[PDB]
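Report on the following structure.
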Amino acid sequence: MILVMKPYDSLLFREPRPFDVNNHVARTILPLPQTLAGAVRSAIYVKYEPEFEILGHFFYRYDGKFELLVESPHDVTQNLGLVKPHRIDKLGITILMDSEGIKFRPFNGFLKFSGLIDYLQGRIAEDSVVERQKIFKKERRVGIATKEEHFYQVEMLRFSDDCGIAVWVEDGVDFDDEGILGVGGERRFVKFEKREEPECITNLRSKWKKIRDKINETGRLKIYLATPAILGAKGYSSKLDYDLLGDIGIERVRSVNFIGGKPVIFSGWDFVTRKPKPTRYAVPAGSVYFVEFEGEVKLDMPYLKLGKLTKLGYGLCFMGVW
RNA sequence: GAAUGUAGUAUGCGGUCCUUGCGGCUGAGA
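Note that the first sequence covers residues 1 to 48, 62 to 158, 165 to 341 in PDB author numbering.
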């Protein structure tokens, strides 16, 4: 069940840097899955790692047709060209290839679920991508408030009038449909709504077998991070543990190639102990893992949960071919 | 996660300079 959350006003999600009296400038980051997970936990508690699992969260735009927007993959150049890693046996090294030069800049933006059903194959259309400005803007409120120095700057997320945030929740765990809850930093709220699972999901769910068998026959698999994941075993590391892919039935891995941005540093407030939660590092959303697996994948779903805190919404990954 | 105040679009500036109410007409006809 999707959870549409249309913001009445702008939203600010606190970055880890403190802001009480000294660091008056308070920037914003993209909504971490923990914040939305806590908001949904409050919502279900009012209606009646949590016992229920949140698959993840994606942006959406409602202009006649209702479509969910997924973070732009790191596998797409700014010229809408895919990047594929091919290995050079002569030099013994593997490089990422865009067929137009060894250097490229990832395309910042989004990718609709129609894009997802076509991007997993290995091609991307033009209409499948949306720029960042079409969804949200960085609205910075200034001079909000012996108070001569209390004037502090705040940057918020100014979503477009037809754009909001949708949270993906597994079937069941039903609760209140229409209502309002607070999300973010400085006290703001959204007008959330409960909507049946979109036809895009079933479009990608039904066509999962084709991509799955293509991956199985070609011996190549790509894993796309829809939401950030904490893949460390003891600490926090970006290296993909080979046992992690052993759950889906990978007998052996030949080579693993991963491209991603700077890690996201975050923490939380432990309401039970009234102390901040341990700091964590997660691989940024939109990163893709290129693996050369031996064997086959027996996963019945086109997605899997990787890492810890997967119930919140972390580690939403899609299996794709390259 | 919670947690303005003070402030005159004012200061100075001449609707002035150059232009003939002129031109033509019998207080006359028997």
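We put the CB at the ideal spot given by N, CA and C, even for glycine.
**Study point:** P33 - DSSP class collapsed to helix/strand/coil
**Key:** helix
Practice item. For residue 342, write down the residues that DSSP places opposite it in a beta bridge. Key: Nothing can be reported for residue 342: it is not among the residues displayed for the chain, which extend from 1 to 341.
Practice item. Report the rounded CA-to-CA distance for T90 versus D181, giving the unit in angstroms. Key: 27 Å
Check your understanding: Is the number of C-beta pairs between the stretch 38–46 and the stretch 233–249 that are closer than 8 Å three or more?
Key -> no
Check your understanding: Secondary structure at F285, three-state DSSP: helix, strand or coil?
Key -> strand
Practice item. From the DSSP output, in three-state form, read off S85 for me. Key: coil
Check your understanding: Since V275 contacts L259 with CB under 8 Å, what's their CB separation in whole angstroms?
Key -> 5 Å
**Study point:** For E218, the nearest candidate out of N92, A26, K78 and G94 (CA to CA)
**Key:** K78
Review point. Using a threshold of 6 Å, is the CB atom of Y171 nearer than that to any non-hydrogen atom of the ligand MG?
Key: In the structure shown, the ligand MG is absent, as is every other ligand, since no ligand is present at all.
Review point. DSSP state of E218, grouped into three classes?
Key: helix
Point to revise | Cα-Cα separation, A248 to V307 | key: 12 Å
Point to revise | Best match in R74, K47, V186 and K150 for proximity to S10 [C-alpha to C-alpha] | key: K150
Review point. According to the neighbour-count rule (16 or more other Cβ atoms, all chains shown, within 10 Å of its Cβ), is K229 buried or exposed?
Key: exposed
Review point. To the nearest angstrom, how far is it from the Cα of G128 to the Cα of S85?
Key: 10 Å
Check your understanding: With a CB to CB cut of under 7 Å and the five nearest residues on each side skipped, what residues in its chain are close to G69?
Key -> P33, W187, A245, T246, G332 and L335
Check your understanding: Helix, strand or coil for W187 per DSSP?
Key -> strand
Check your understanding: Can you tell which of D196, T35, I67 and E168 has its C-alpha closest to the C-alpha of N22?
Key -> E168
**Study point:** Chain-order list of residues whose beta-carbon lies under 8 Å from that of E152 (same chain, five-residue window excluded)
**Key:** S10, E174, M175, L176 and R177
Practice item. Indicate the three-state DSSP secondary structure (helix, strand or coil) for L328 in the structure shown. Key: coil
Check your understanding: The alpha helix (DSSP H) with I130 in it runs from where to where?
Key -> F126 to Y132
Review point. Which two residues bound the contiguous alpha helix (DSSP H) that contains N235?
Key: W227 to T237
Check your understanding: What residue range is occupied by the uninterrupted beta strand (DSSP E) comprising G280?
Key -> Counting along the chain, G280 falls outside any beta strand (DSSP E), and DSSP gives it neither H nor E.
Practice item. Please state whether DSSP places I137 in a helix, a strand or coil. Key: coil
Check your understanding: Nearest to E215 by CA position, among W227, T35 and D190, is which residue?
Key -> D190
Review point. How big is the Cα-Cα spacing for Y261 and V272?
Key: 7 Å
Point to revise | Selection from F194, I148 and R17 that minimises the alpha carbon distance to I184 | key: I148
Check your understanding: Relative to the alpha-carbon of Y243, which residue among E315, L109 and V302 has its alpha-carbon at the smallest distance?
Key -> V302
Review point. Cα separation between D196 and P321?
Key: 27 Å
Check your understanding: Using the C-alpha atoms, what's the distance from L82 back to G135?
Key -> 18 Å
Review point. Span of the beta strand (DSSP E) holding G198?
Key: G198 to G201
Check your understanding: For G201, which residues from the same chain have a beta carbon less than 7 Å from its beta carbon, with the 5 sequence-adjacent residues on both sides left out?
Key -> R207 and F208
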